[PDB]
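Asker: So that we are looking at the same thing, I have put the structure below in structure tokens.
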Amino acid sequence: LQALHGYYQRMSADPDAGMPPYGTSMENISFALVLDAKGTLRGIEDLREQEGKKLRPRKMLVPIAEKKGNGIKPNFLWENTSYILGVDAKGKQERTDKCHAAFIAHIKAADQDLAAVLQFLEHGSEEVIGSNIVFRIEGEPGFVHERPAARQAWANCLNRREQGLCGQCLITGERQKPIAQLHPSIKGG
DNA sequence: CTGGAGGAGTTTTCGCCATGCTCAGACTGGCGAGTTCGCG
């Protein structure tokens, strides 16, 4: 319904409304890793919160996630242990190894922070297993994915992907627009 | 006779909580008036 499109367009114009900016979404995160600028990991930040009933993760604004079928798709900068640590509980190690290789490969598409995290990837409690994690530089505010250079790289990747076929958009009625081969998912439960 | 493969059919991965009472009376109030038949 175009009503939702109009509502988003209007309310996103308000800076404090809470609309995620284009290309970003709010997800669940449990821990953050701290590593020095030299590429050595030391320090883990656990952001999970006790909701009275249970200890549950926290909501964070991050780059949108792919819709993972049976195929392997690497997320940009935040992932679970299987892609990052090359470890899991699924037993099928080769799958995890392939995921890790794809994850490291996607990064290469000059910043010292990404240089450091690349350096750490030369090697890459139990509760971290299976949870979502993010990266932070030792004593650095914010997170690596928040740095402007990361945003430029993300925009470049988006431009890379949005190419080829073009047509008429039914919601807007405009011509020669790139057509979406797949739609992002919607939260259930 | 063997190949490459397009299509048909089967398997894997995906991610993974909640809803909260209740409580009480009235009221007291009077209808109506009436007429029967009659030889052999």
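Each chain of the structure tokens is named A, B, ... in the order shown, its residues numbered from 1; ligands are numbered from 1 in display order.
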What's around residue 136 in chain A at 8 Å? Count only C-alpha atoms (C1' of nucleotides), leave out sequence neighbours fewer than 4 positions away in its own chain, and write the answer as a list in words.

Answerer: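 Answer for this query is residues 32, 33, 34, 35, 140, 141, 142, 143 and 144 of chain A.
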
Asker: With chain A as the partner and 12 Å as the cut-off, tabulate the residues of chain B that qualify, each row holding the nearest pair of atoms and their distance in Å to one decimal, using only C-alpha atoms (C1' of nucleotides), sorted by chain and rising number, as a tab-separated table.

Answerer:
residue	atom	partner	partner_atom	distance
B:11	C1'	A:70	CA	10.2
B:12	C1'	A:70	CA	6.1
B:13	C1'	A:70	CA	4.8
B:14	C1'	A:69	CA	6.1
B:15	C1'	A:188	CA	10.0
B:16	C1'	A:189	CA	8.7
B:17	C1'	A:53	CA	8.3
B:18	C1'	A:53	CA	8.2

Asker: If we count only C-alpha atoms (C1' of nucleotides), what is near range 145-158 of chain A at a cut-off of 9 Å, once residues fewer than 4 positions away on the same chain are taken out, given as a PyMOL selection string?

Answerer: chain A and resi 23+62-63+76-78+109+111+114+134-136+162

Asker: Under the rule that only C-alpha atoms are counted, which of A:119, A:131, A:50, A:163 is the nearest residue to residue 181 in chain A?

Answerer: A:163

Asker: So which residues touch residue 28 in chain A within 10 Å, counting only C-alpha atoms (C1' of nucleotides), skipping near sequence neighbours fewer than 6 positions away, as a ChimeraX atom specification?

Answerer: /A:48,56-62,131-133

Asker: Would you mind writing down, as a tab-separated table (two decimals) with N, CA, C and O atoms, in the first residue's frame, each residue of range 55-126 of chain A that DSSP on the backbone assigns to alpha helix (DSSP H)?

Answerer:
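Final output, saved to part.tsv:
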chain	number	residue	atom	x	y	z
A	81	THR	N	28.83	-16.04	15.24
A	81	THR	CA	30.14	-16.65	15.41
A	81	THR	C	30.54	-17.48	14.19
A	81	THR	O	31.71	-17.48	13.80
A	82	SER	N	29.58	-18.18	13.57
A	82	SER	CA	29.92	-19.06	12.46
A	82	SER	C	30.69	-18.32	11.38
A	82	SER	O	31.72	-18.82	10.90
A	83	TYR	N	30.23	-17.14	10.98
A	83	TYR	CA	30.91	-16.38	9.95
A	83	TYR	C	32.21	-15.77	10.46
A	83	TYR	O	33.21	-15.70	9.73
A	84	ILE	N	32.22	-15.32	11.72
A	84	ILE	CA	33.36	-14.57	12.24
A	84	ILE	C	34.40	-15.52	12.83
A	84	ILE	O	35.55	-15.54	12.40
A	93	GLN	N	31.78	-28.52	9.76
A	93	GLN	CA	32.78	-27.46	9.85
A	93	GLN	C	33.02	-26.78	8.51
A	93	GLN	O	33.13	-25.55	8.45
A	94	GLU	N	33.10	-27.55	7.42
A	94	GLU	CA	33.40	-26.97	6.12
A	94	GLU	C	32.43	-25.85	5.77
A	94	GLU	O	32.82	-24.86	5.15
A	95	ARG	N	31.16	-25.99	6.14
A	95	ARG	CA	30.19	-24.92	5.92
A	95	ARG	C	30.64	-23.65	6.63
A	95	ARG	O	30.63	-22.56	6.06
A	96	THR	N	31.04	-23.79	7.90
A	96	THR	CA	31.50	-22.64	8.66
A	96	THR	C	32.75	-22.03	8.03
A	96	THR	O	32.90	-20.80	7.99
A	97	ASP	N	33.66	-22.88	7.55
A	97	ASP	CA	34.88	-22.38	6.92
A	97	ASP	C	34.55	-21.58	5.67
A	97	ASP	O	35.14	-20.51	5.43
A	98	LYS	N	33.63	-22.08	4.86
A	98	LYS	CA	33.22	-21.35	3.67
A	98	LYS	C	32.58	-20.02	4.04
A	98	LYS	O	32.83	-18.99	3.40
A	99	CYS	N	31.74	-20.02	5.08
A	99	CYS	CA	31.12	-18.78	5.53
A	99	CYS	C	32.19	-17.78	5.95
A	99	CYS	O	32.12	-16.59	5.61
A	100	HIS	N	33.18	-18.25	6.70
A	100	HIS	CA	34.25	-17.37	7.16
A	100	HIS	C	35.03	-16.80	5.98
A	100	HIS	O	35.36	-15.61	5.94
A	101	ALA	N	35.34	-17.65	5.00
A	101	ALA	CA	36.08	-17.19	3.83
A	101	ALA	C	35.29	-16.13	3.07
A	101	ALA	O	35.85	-15.10	2.68
A	102	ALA	N	34.00	-16.36	2.87
A	102	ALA	CA	33.18	-15.37	2.18
A	102	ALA	C	33.11	-14.07	2.97
A	102	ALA	O	33.17	-12.97	2.40
A	103	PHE	N	32.98	-14.18	4.29
A	103	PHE	CA	32.91	-12.99	5.13
A	103	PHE	C	34.17	-12.15	4.98
A	103	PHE	O	34.10	-10.93	4.78
A	104	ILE	N	35.34	-12.78	5.08
A	104	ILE	CA	36.57	-12.02	4.94
A	104	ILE	C	36.71	-11.47	3.53
A	104	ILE	O	37.18	-10.34	3.34
A	105	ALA	N	36.29	-12.23	2.52
A	105	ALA	CA	36.42	-11.76	1.14
A	105	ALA	C	35.59	-10.51	0.90
A	105	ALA	O	36.06	-9.56	0.26
A	106	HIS	N	34.36	-10.48	1.41
A	106	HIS	CA	33.48	-9.35	1.13
A	106	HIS	C	34.07	-8.03	1.63
A	106	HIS	O	33.71	-6.97	1.12
A	107	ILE	N	34.97	-8.09	2.61
A	107	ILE	CA	35.48	-6.86	3.22
A	107	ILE	C	36.31	-6.07	2.22
A	107	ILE	O	36.28	-4.84	2.21
A	108	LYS	N	37.06	-6.77	1.37
A	108	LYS	CA	38.08	-6.11	0.57
A	108	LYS	C	37.47	-5.13	-0.43
A	108	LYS	O	38.13	-4.16	-0.82
A	112	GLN	N	42.41	2.45	8.56
A	112	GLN	CA	43.23	1.76	9.55
A	112	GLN	C	42.39	0.83	10.42
A	112	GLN	O	42.88	-0.23	10.84
A	113	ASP	N	41.14	1.19	10.71
A	113	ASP	CA	40.30	0.31	11.52
A	113	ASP	C	40.02	-1.00	10.79
A	113	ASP	O	40.18	-2.09	11.35
A	114	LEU	N	39.58	-0.91	9.53
A	114	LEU	CA	39.35	-2.13	8.77
A	114	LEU	C	40.65	-2.87	8.51
A	114	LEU	O	40.67	-4.10	8.44
A	115	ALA	N	41.77	-2.14	8.40
A	115	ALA	CA	43.06	-2.81	8.30
A	115	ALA	C	43.33	-3.64	9.55
A	115	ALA	O	43.79	-4.78	9.46
A	116	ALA	N	43.04	-3.08	10.72
A	116	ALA	CA	43.27	-3.81	11.97
A	116	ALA	C	42.38	-5.04	12.05
A	116	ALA	O	42.85	-6.14	12.36
A	117	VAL	N	41.08	-4.87	11.78
A	117	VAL	CA	40.18	-6.02	11.88
A	117	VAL	C	40.57	-7.08	10.86
A	117	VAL	O	40.48	-8.28	11.14
A	118	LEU	N	41.03	-6.67	9.68
A	118	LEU	CA	41.58	-7.62	8.72
A	118	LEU	C	42.77	-8.35	9.32
A	118	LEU	O	42.91	-9.57	9.16
A	119	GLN	N	43.64	-7.62	10.00
A	119	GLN	CA	44.80	-8.25	10.63
A	119	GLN	C	44.37	-9.28	11.66
A	119	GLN	O	44.93	-10.38	11.73
A	120	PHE	N	43.36	-8.95	12.48
A	120	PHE	CA	42.87	-9.92	13.45
A	120	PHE	C	42.33	-11.16	12.77
A	120	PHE	O	42.51	-12.28	13.26

Asker: Where does DSSP see strand (DSSP E or B) in range 15-55 of chain A, if you list the residues as a list in words?

Answerer: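 Everything in range 15-55 of chain A that counts as strand (DSSP E or B) is residues 24, 25, 26, 27, 28, 29, 31, 32, 33, 34, 35, 41, 42, 43, 44, 45, 46, 49, 50 and 55 of chain A.
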
Asker: Quick one: write out the picked residues with N, CA, C and O atoms as a CSV table (one decimal), in the first residue's frame?

Answerer:
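Saved the output as out03.csv:
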chain,number,residue,atom,x,y,z
A,24,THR,N,19.7,0.9,6.5
A,24,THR,CA,20.0,0.4,7.8
A,24,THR,C,18.7,0.0,8.5
A,24,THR,O,17.6,0.4,8.1
A,25,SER,N,18.8,-0.9,9.5
A,25,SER,CA,17.7,-1.4,10.2
A,25,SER,C,18.1,-1.7,11.7
A,25,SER,O,19.3,-1.8,12.0
A,26,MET,N,17.1,-2.0,12.5
A,26,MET,CA,17.4,-2.2,13.9
A,26,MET,C,17.3,-3.7,14.2
A,26,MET,O,16.4,-4.4,13.8
A,27,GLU,N,18.3,-4.2,14.9
A,27,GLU,CA,18.5,-5.7,15.1
A,27,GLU,C,18.8,-6.0,16.5
A,27,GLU,O,19.0,-5.0,17.3
A,28,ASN,N,18.9,-7.2,16.8
A,28,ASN,CA,19.3,-7.7,18.2
A,28,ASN,C,20.8,-7.9,18.2
A,28,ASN,O,21.4,-8.7,17.4
A,29,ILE,N,21.5,-7.4,19.2
A,29,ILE,CA,22.9,-7.6,19.5
A,29,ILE,C,23.1,-8.0,20.9
A,29,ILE,O,22.4,-7.5,21.8
A,31,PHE,N,26.8,-8.9,22.2
A,31,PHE,CA,28.1,-8.7,22.6
A,31,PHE,C,28.9,-7.8,21.6
A,31,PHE,O,28.4,-7.7,20.5
A,32,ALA,N,29.9,-7.2,22.1
A,32,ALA,CA,30.8,-6.4,21.2
A,32,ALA,C,32.3,-6.8,21.5
A,32,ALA,O,32.6,-6.9,22.7
A,33,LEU,N,33.1,-6.9,20.5
A,33,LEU,CA,34.5,-7.3,20.7
A,33,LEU,C,35.4,-6.0,20.6
A,33,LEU,O,35.1,-5.1,19.9
A,34,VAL,N,36.4,-6.0,21.5
A,34,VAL,CA,37.3,-4.9,21.6
A,34,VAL,C,38.7,-5.4,21.2
A,34,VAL,O,39.2,-6.3,21.8
A,35,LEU,N,39.3,-4.7,20.2
A,35,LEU,CA,40.6,-5.1,19.7
A,35,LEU,C,41.4,-3.8,19.5
A,35,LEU,O,40.8,-2.8,19.1
A,41,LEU,N,43.0,-9.0,19.5
A,41,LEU,CA,41.8,-8.9,20.2
A,41,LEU,C,42.0,-9.0,21.7
A,41,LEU,O,42.7,-9.8,22.3
A,42,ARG,N,41.5,-8.0,22.5
A,42,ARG,CA,41.5,-8.0,23.9
A,42,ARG,C,40.3,-7.2,24.4
A,42,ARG,O,40.2,-6.0,24.1
A,43,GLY,N,39.4,-7.8,25.2
A,43,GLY,CA,38.3,-7.1,25.7
A,43,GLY,C,37.0,-7.5,25.0
A,43,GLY,O,36.9,-7.4,23.8
A,44,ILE,N,35.9,-7.8,25.8
A,44,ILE,CA,34.6,-8.2,25.3
A,44,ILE,C,33.6,-7.4,26.1
A,44,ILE,O,33.6,-7.4,27.3
A,45,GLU,N,32.7,-6.7,25.3
A,45,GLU,CA,31.6,-6.0,25.9
A,45,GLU,C,30.3,-6.7,25.7
A,45,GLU,O,29.9,-6.9,24.6
A,46,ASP,N,29.6,-7.0,26.8
A,46,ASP,CA,28.3,-7.7,26.7
A,46,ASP,C,27.2,-6.7,27.0
A,46,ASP,O,27.1,-6.1,28.1
A,49,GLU,N,20.7,-7.4,28.3
A,49,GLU,CA,20.0,-6.8,29.4
A,49,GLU,C,19.0,-7.8,30.0
A,49,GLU,O,18.4,-8.5,29.3
A,50,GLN,N,19.0,-7.7,31.3
A,50,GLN,CA,18.0,-8.6,32.1
A,50,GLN,C,16.6,-7.9,32.0
A,50,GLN,O,16.4,-6.8,32.6
A,55,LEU,N,17.5,-12.7,30.6
A,55,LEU,CA,18.6,-11.9,30.0
A,55,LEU,C,18.5,-12.0,28.5
A,55,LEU,O,18.7,-13.0,27.9

Asker: Could you tell me which of A:127, A:66, A:161, A:18 comes closest to residue 178 in chain A if we count only C-alpha atoms?

Answerer: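 Under the stated criterion, the closest residue is A:161.
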
Asker: Would you compute the distance between CA of residue 167 in chain A and CA of residue 182 in chain A? Give it in Å to one decimal.

Answerer: 15.2 Å

Asker: Return the single residue from A:80, A:159, A:2, A:168 that is closest to residue 129 in chain A, with distances computed using only C-alpha atoms.

Answerer: A:80
